Every structure is written in C-alpha cells, then in structure tokens.
Amino acid sequence: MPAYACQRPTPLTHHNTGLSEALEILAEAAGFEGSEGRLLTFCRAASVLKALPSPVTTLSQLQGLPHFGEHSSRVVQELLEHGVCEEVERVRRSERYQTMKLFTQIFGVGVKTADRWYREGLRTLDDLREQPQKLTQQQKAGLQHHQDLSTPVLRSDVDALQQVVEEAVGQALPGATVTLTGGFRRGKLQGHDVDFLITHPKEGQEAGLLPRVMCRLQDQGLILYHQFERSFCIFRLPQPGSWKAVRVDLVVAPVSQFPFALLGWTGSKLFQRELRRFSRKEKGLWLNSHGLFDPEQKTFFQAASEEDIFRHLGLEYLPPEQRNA
DNA sequence: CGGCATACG
DNA sequence: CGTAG
DNA sequence: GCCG
Ligand SMILES: Nc1nc2c(ncn2[C@H]2C[C@H](O)[C@@H](COP(=O)(O)OP(=O)(O)OP(=O)(O)O)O2)c(=O)[nH]1
Ligand SMILES: [Mn+2]
Ligand SMILES: [Mn+2]
Ligand SMILES: [Mn+2]
Ligand SMILES: [Mn+2]
Ligand SMILES: [Mn+2]
Ligand SMILES: [Mn+2]
Ligand SMILES: [Mn+2]
Ligand code: NA
C-alpha cells in the first residue's frame, strides 16, 4: 500500500465503510479544533481503508499500512471488538461537535466564524436568525436556503442544471463548453452541490465569460444568490409544482489550463491535496489548477489531457471514479 | 524535529 | 474572512 | 497523528 492517496485507486464504494466513517468523524472533529495535522492523518487513514480490496477483520491486517499508528489502530480495534469506539461516540454526541457541524454547513460560515459563535453561546440556526445584523449577505443567503441546501442533489437534478447552464453559456459565447466536475464526475449518485467547468477551444476567447454567463442566468430568474473566474451560486431548480435551491459552482479556464482545472475540480479534495503534496515533495514540481511548474528550469508543463499530467508526475493514470480518496 | 495543497471571491 | 476540489 |  503506497503512502500517498494519488498512488492507489480509491473507488466510491468499498469494503470498510464503517471503519472509514469512524475515522472521518475524528478527522472532522480535529478540524473543528484547528488541528489540521491530526485531521490529515485521520483522513489519510480512512482513505487507506477505502483502497483495501476486502474488509479488515483483525488488527493484524493493519500492520504495515501507512497512516495507522497507535491512535487510529485503537479506533479500529474497538470497532472490531465491540462494534463502537467510545471516543467516536463521545464526539458524535458532543454539543461542540454537533453545533460546529451545523454552523460550518452554512454557506458563508467557516470554522473560525462557527467557533466564535459557539464561544458566544449560540447553538441553533434560529439563534442566528434572531441576530441578523451580524450576518453577511452570503451568510443570510446560506441561512435562508439552509433547509433546501441540506436536501441531497440527485443525478436528475444535475442533468437539468447542465442544460440551463449550457443555454446561458451558448449565448454568452458560442462554442464554449460545459463539463460536469466534482463528485458527480467521480460517479456519485448524490451530492450537496453541482460543479461545472467552462472553457472555449480558442485560447483567450474565454476572457470575460463568467460575468456574461451569470447575467444571463440571472435574467432568466434562475439565480437566487451570487457574489472573475469562479462563481459560487445558489440556483433555483424546478421541482414538481415548485422548486428548490441548489448550490452550483461555475468555473472558467482557458483551454491551455483546462486539463489542470479539470483535474483539480474533479477531486476528491483529499486526492488533490495528496497529489499536490506528492508533486512537490517527491518530484520537486508545483501543481495547482492552472498548471504544473518546474521551479529549477522555471518552466510550465504543457498538458493536453489529465493523462498527460499523471505521466508528467510519474503516476499511473486513475480515472475519476478511482479518485474517491 | 518540520510538514501537512494551493488557489480565487 | 469566505469559497473550491 | 503520523511520516520521513
Ligand atoms: N445545508 C447543508 N449542507 C450540508 C449538509 N450535509 C453536507 N452539507 C454541505 C457541507 C459541505 O460543504 C458539503 C459537502 O458536499 P458533498 O459531500 O457533495 O461534497 P463536495 O461537493 O464538498 O465535494 P465533491 O464535489 O464531491 O468533491 O455539503 C446538510 O445536511 N445541510
Ligand atoms: Mn492519541
Ligand atoms: Mn475492549
Ligand atoms: Mn461538489
Ligand atoms: Mn462545489
Ligand atoms: Mn486564473
Ligand atoms: Mn466541499
Ligand atoms: Mn500533534
Ligand atoms: Na460553510
């Protein structure tokens, strides 16, 4: 088992779901306390289990697996022996964890804001609604739409949103294309938003595109909230005899950068952090969603495909459905 | 021990 | 500060 | 919390 998640296939469904979910609770709790190092180890340990070919049934099977030390091994041991890990259950039921999860789920609220509200004594969404003056416009939108934004986005929703984004993109710039990214590109059947990447085959023609797309979507009455090359939107999506709010992210890249943007925006988040970590620490190359830079020669790699990028980095190619780290 | 992704709004 | 994978 |  290789140490970086970008070195191994990780499918969306696997054979250690319960174990991975438990470790991810501890990772999330570490993030709420600002312990990014511990968050990463617990996330990486969970991801290792997702990549295994069969269920872990005995502690012996963890020996030699990367990212499994005393703490993560004890969590697995308790789940194997008793079906529950006391530390995990204590986190789950804790007021701090439950409130930080609720608050950070709000669009416009991060860990730092959630923590400050927690320390002020705030605990519920109605607590926040009862002091609306200390909210940003983004937070007000996130709070107004929070219930709809809690409802899973389904594949049927994705198909409908793609067609309306394409219509607006087509009037904004004939020939521009729309690619589904994020978790749906990795094969998820549900999600909490929809991610799209927009480009044009003629380098430079994409300049100024996103404002034109947004204006057109807004004139069609489809935009409940928006704030350039990245737009974090709330879209009005039709439903039987009504509609629901859906988070949509729209991103534009020039065609020269499209493979890097497609790779970055297809995720998973952990996969991309691991891929960038591998690039820098193992290969001496700096990777982002615009390109791949050699800081010794002072040059950018050209890529025409995701396959090119994996080759540049000396990694076997993984299709999106195997990037579910 | 230091490091832990790397951006844009 | 928020957001993104 | 774990790795190198
Ligand atoms: N309002 C609300 N937001 C939720 C709820 N559950 C999760 N979220 C939000 C918090 C996270 O920012 C986000 C996670 O969404 P997904 O699991 O679809 O993944 P995400 O789109 O971040 O990445 P992905 O595109 O799959 O790589 O959803 C919920 O019950 N209510
Ligand atoms: Mn410990
Ligand atoms: Mn025991
Ligand atoms: Mn997404
Ligand atoms: Mn998104
Ligand atoms: Mn850019
Ligand atoms: Mn996300
Ligand atoms: Mn520590
Ligand atoms: Na949030």
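Keep in mind that the numbers below use all heavy atoms, side chains included, and drop hydrogens, waters and symmetry copies. Each chain gets a letter, A, B and so on, in the order the sequences are listed, and its residues count up from 1.
- Atom CD1 of A/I234 is separated from atom CG of A/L222 by 13.5 Å, given to the nearest 0.5 angstrom.
- Comparing the P positions of B/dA5 and D/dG4 gives a spacing of 15 Å, expressed to the nearest Å.
- Put simply, CG on A/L40 is 13 Å from P on D/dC2, counting in whole angstrom units.
- Distance A/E24 CD to D/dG1 P: 17 Å, rounded to the nearest Å.
- Contact annotation: A/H71 reaches the phosphate of D/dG1 (side-chain N/O to OP1 or OP2, under 4.0 Å).
- The six-membered or imidazole ring of A/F293 lies away from that of A/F301, with a centre-to-centre distance of 6.0 Å or more.
- The separation between A/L285 atom CG and B/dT6 atom P is 12 Å, rounded to whole Å.
- In this entry the distance linking CD of A/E274 with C1' of D/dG1 reads 13 Å, nearest Å.
- At D/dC2, one or more side-chain N or O atoms of A/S72 fall inside 4.0 Å of OP1 or OP2 (strictly under the cut-off).
- One atom, CG of A/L275, and another, P of B/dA7, lie 14 Å apart when rounded to the nearest Å.
- At least one side-chain nitrogen or oxygen of A/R273 sits closer than 4.0 Å to the OP1 or OP2 atom of B/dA5.
- Remark: the A/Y97 side chain and the A/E28 side chain contain an N/O donor-acceptor pair separated by less than 3.5 Å.
- Ring geometry, A/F310 versus A/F271: the interplanar angle falls from 30° to 60°, so the pair is classed tilted.
- Nucleic acid contact for A/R247: sugar-phosphate only, since backbone atoms but no base atoms lie under 4.0 Å from a heavy atom of the residue.
- Both A/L180 and A/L217 belong to a common hydrophobic cluster when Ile, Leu, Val, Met, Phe, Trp and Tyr are linked at side-chain heavy-atom distances under 4.5 angstrom.
- For A/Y118 and A/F103, the ring centers sit 6.0 Å or farther from each other.
- From the 5' end on, the contacts that DNA chain C makes with chain A at under 4.0 Å to a non-hydrogen atom open and close at C/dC1 to C/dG5.
- Within 4.0 Å of A/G110, counting heavy atoms only, lie sugar-phosphate atoms of the nucleic acid but no base atom.
- Between A/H71 and A/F42, the gap from one ring centroid to the other is short of 6.0 Å.
- Taking only side-chain nitrogens and oxygens, A/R280 comes nearer than 4.0 Å to OP1 or OP2 of B/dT6.
- Here A/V251 lies out of heavy-atom contact (under 4.0 Å) with every strand.
- Residue contacts for A/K112: at a heavy-atom cut-off of 4.0 Å it reaches the sugar-phosphate backbone alone, with no base atom in range.
- Residue A/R186 is classed as a sugar-phosphate contact, given heavy-atom separations below 4.0 Å to backbone atoms only.
- Contacts of A/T266 with the nucleic acid, taken as non-hydrogen atoms under 4.0 Å apart, involve only primed sugar atoms and P, OP1 or OP2.
- Each of A/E229 and A/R277 lies near DNA chain B, and the nucleotide nearest A/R277 is the one positioned closer to the 5' end.
- Within the model, atoms NE2 of A/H226 and CZ of A/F235 stand 10.0 Å from one another, a figure rounded to the nearest 0.5 Å.
- Counting to the nearest Å, the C1' atom of B/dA5 and the CH2 atom of A/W265 are 14 Å from each other.
- Taking only distance into account, the side chain of A/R230 meets the base of B/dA7 through a donor-acceptor pair shorter than 3.5 Å.
- Distances shown here put a side-chain N or O of A/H290 below 4.0 Å from the OP1 or OP2 atom of B/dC8.
- Close to B/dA7, at under 4.0 Å from its OP1 or OP2, lies a side-chain N or O of A/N288.
- Map A/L287 and A/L210 each onto its nearest nucleotide of DNA chain B; the residue landing nearer the 5' end is A/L287.
- Rounded to a whole Å, the CG atom of A/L197 is 15 Å from the P atom of B/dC8.
- To the nearest angstrom, P of D/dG1 lies 4 Å from CZ of A/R38.
- Among pairs with a residue in residues 246-269 of chain A, those fulfilling salt bridge (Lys or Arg N to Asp or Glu O under 4.0 Å) read A/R247-A/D249, at least two apart in sequence or across chains.
- Residue-level contact check: A/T113 touches the backbone only, with heavy atoms under 4.0 Å from sugar-phosphate atoms and none from bases.
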